[PDB]
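Inspection log for the structure reproduced underneath, given as structure tokens.
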Amino acid sequence: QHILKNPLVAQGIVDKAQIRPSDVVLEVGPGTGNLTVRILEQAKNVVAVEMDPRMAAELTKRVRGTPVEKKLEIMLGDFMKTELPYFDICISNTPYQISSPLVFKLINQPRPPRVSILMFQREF
Amino acid sequence: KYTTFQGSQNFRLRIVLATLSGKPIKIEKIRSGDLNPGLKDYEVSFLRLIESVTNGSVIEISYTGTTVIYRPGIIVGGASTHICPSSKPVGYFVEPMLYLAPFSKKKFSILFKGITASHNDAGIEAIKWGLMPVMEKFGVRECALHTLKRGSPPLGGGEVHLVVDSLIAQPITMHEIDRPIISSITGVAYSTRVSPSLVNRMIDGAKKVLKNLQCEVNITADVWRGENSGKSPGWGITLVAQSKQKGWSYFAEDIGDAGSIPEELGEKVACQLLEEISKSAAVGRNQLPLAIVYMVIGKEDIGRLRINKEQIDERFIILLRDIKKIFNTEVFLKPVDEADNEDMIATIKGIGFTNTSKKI
Amino acid sequence: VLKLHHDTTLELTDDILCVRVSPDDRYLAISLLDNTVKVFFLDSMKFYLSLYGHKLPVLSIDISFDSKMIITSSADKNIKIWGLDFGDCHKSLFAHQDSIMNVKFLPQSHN
């Protein structure tokens with residue numbers, strides 16, 4: 036698990052997602068919650084999908100006691116095996132290896148997300 | 007005390023045009039044929055607003071309340087908070103400030119508290135998407151209007167924050183001799199203390215009426231709940247057609263009634279939008295007195311503006327008869343050469359106007 | 504006149535529980551299987567109103583003699599007193615541990 040040492044980059048991904056205040060955002064691979072906290076301030080709901088129970092516990096702790104805590108839902112486990120709710124937009128920061136199955140899961144999701152902004156490898 | 011106007015008509019307009027000119031006025035016989043003759047409460051409350059932004063202005067009210075004397079001082083401004091009385095909305099108080107907004111000694115950071123919408127006067131959405139765009143075209147760049155708390159009648163409790171930072175020497179000389187082509191229709195639907203479903207219902211009605219027109223139609227769905235929503239429930243929609251190339255916006259608005267159908271009101275305002283556009287040329291009928299003034303108090307030069315005869319009503323002439331009694335500026339009107347419509351070009355030599363108050 | 523026939527039917531999507539008409543003959547409230555109360559205009563059935571947030575279906579609906587307050591008691595252990603003017607509530611009220619079947623009013627005042 037790696038972290039984005041660039042704090043002036045997450046902002047550009049969030050911009051390209053073109054958030055509406057009514058949006059439900061699916062965040063897959065929230066990590067330490069660097070993007071999550073920013074997404075919560077701009078969207079109606081953030082459904083964060085995380086495999087690691089340690090990261091999920093830390094993510095709950097990071098938003099704890101903040102005014103936007105109640106707009107976070109954390110779905111724990113493998114996103115591939117997750118029945119995904121409705122979401123308007125998606126942001127991804129999950130491992131590159133999943134990226135391949137994950138794209139076709141997003142495409143085949145019943146009602147497809149209007150837009151998605153995903154971090155992959157240079158070749159993929 | 008040298009220019010005299012009769013009647014309470016366009017009362018906040020006549021204080022503005024005396025203030026920019028610096029020509030003293032005396033408005034007598036205000037509502038003299040009434041069981042409660044004289045000024046109202048808010049017209050007195052508005053005279054407290056001009057005093058707070060201008061140092062040196064002398065305001066005198068006779069003890070019958072029908073005669074108001076006003077020798078204007080220079081626009082100082084600064085930052086202050088005005089309390090708006092519950093008769094008229096906060097937006098109504100905001101409109102006169104916009105005319106004197108680019109000319110103050112300091113920045114206007116004026117905090118308004120009160121009811122934030124009504125049937126007659128301008129909502130917050132209408133001022134932001136209608137009055138502000140016109141200001142930007144002239145040359146008022148860093149101008150804004152923030153919403154802190156939104157109110158609704160009859161209790162209100164809402165707050166807007168007028169912040170104007172561009173302090174320019176004159177409005178630039180505008181030339182708009184072309185009817186702007188509408189690119190997109192954008193409207194904002196708001197609601198306080200009520201069901202989120204009603205806002206969705208309002209959007210459905212507006213889209214159905216506008217489905218025939220071929221253009222991108224996006225209505226922002228804004229829902230307010232909690233203390234920020236306001237003391238009394240209510241809702242409203244404001245729709246804005248806009249042209250990207252010339253930055254020209256046309257709008258129409260209304261609020262919800264005591265028992266109104268939200269399908270009807272979403273359908274009504276979109277009809278009132280297209281009815282406004284059908285009478286329009288390069289402005290709206292409610293954006294035209296903001297732009298007529300800015301050609302007058304623009305610098306010593308001919309401006310041009312393509313306007314339509316449907317805009318020209320009884321109300322439009324009383325605007326041009328308040329300017330001639332103050333600034334003595336005839337507004338020349340020439341026909342256009344397009345034989346399909348009755349547009350006329352309003353050409354004005356601007357009176358040479360400056361900033362008395364801005365420091366160098 | 520004494521026999522019964524129908525004027526109209528209302529095609530809905532849920533398991534209807536209580537329907538009450540206003541004594542002012544203006545408002546017709548309807549409970550559904552969802553956590554929803556639909557109040558209809560009497561004369562032309564225009565869908566005046568909808569309510570949310572109850573989590574369990576409404577077991578009895580009241581409105582006042584003068585159509586000012588709605589009470590929609592449901593099996594979710596609480597009473598949510600809706601103001602009839604603007605479709606908001608004035609106050610929700612947790613009471614009656616098990617589930618609340620029937621609520622009725624006094625015609626004199628709001629008690």
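Chains as they are written, first to last, in full-length UniProt numbering: chain F, 36 to 159; chain A, 7 to 366; chain G, 504, 520 to 629. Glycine included, every Cβ here is placed at the ideal spot set by N, Cα and C.
Coil, strand or helix - residue i by DSSP
i	result
A:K340	strand
A:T353	strand
F:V72	helix
G:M587	strand
F:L61	strand
A:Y98	helix
F:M110	strand
A:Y105	helix
G:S568	strand
F:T101	coil
A:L296	helix
F:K96	helix
G:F558	strand
G:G605	coil
F:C125	strand
A:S284	helix
A:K305	coil
A:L41	coil
A:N206	helix
F:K51	helix
G:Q626	coil
A:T153	strand
Nearest-angstrom Cα separation, counted from residue j out to residue i
i	j	result
A:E306	A:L154	39 Å
A:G309	A:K355	7 Å
A:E282	F:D50	35 Å
A:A107	A:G136	15 Å
G:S591	A:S266	26 Å
A:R185	A:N314	10 Å
F:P56	A:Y196	13 Å
F:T71	A:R231	24 Å
F:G100	G:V621	39 Å
A:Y105	A:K7	22 Å
F:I38	F:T95	18 Å
G:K521	G:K595	40 Å
A:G290	A:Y256	6 Å
A:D343	A:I351	10 Å
A:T70	A:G39	12 Å
F:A52	A:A227	18 Å
F:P148	A:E273	30 Å
A:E57	A:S63	6 Å
Test item: CB-CB of residue i and residue j under 8 Å
i	j	result
A:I67	A:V74	yes
A:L168	A:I116	yes
A:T122	A:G97	yes
A:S235	A:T198	yes
A:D349	A:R312	yes
G:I599	G:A547	no
A:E269	A:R207	yes
A:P78	A:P30	yes
A:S238	A:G162	yes
F:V98	F:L119	no
F:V59	F:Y121	yes
A:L296	A:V140	yes
A:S190	A:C221	yes
G:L577	G:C536	yes
A:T60	A:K32	no
A:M180	A:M301	yes
G:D532	G:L550	yes
A:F99	A:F114	no
G:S568	G:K556	yes
Paired residues, beta bridge with residue i - DSSP
i	result
A:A175	Per DSSP, none; premise fails for A:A175.
A:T60	A:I81
F:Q156	Answer by DSSP bridge pairing: none, since F:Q156 is not bridged.
A:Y48	None; A:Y48 has no bridge partner.
A:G193	A:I225 and A:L245
A:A132	None, per the DSSP bridge assignment.
Proximity test, Cβ basis, 8 Å: residue i and chain D
i	result
A:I267	Absence of chain D from the displayed structure is noted, the protein chains being F, A and G.
Are at least three pairs of beta-carbons, each pair with one atom in the segment 33-53 of chain A and one in the segment 118-137 of chain F, less than 8 Å apart? no
Evaluate contact between the segment 269-288 of chain A and the segment 580-594 of chain G, counting only Cβ atoms and requiring at least three cross-stretch pairs below 8 Å. no
At a cut of 8 Å, does the segment 139-155 of chain A reach the segment 196-216 of chain A through at least three beta carbon pairs? no
Contact the segment 69-82 of chain F vs the segment 95-111 of chain F: 3+ CB pairs below 8 Å: yes
Any chance the segment 326-341 of chain A sits against the segment 18-34 of chain A, with 3 or more Cβ pairs inside 8 Å? yes
Are there three or more Cβ pairs, one per stretch, closer than 8 Å when the segment 120-131 of chain F is compared with the segment 56-66 of chain F? yes
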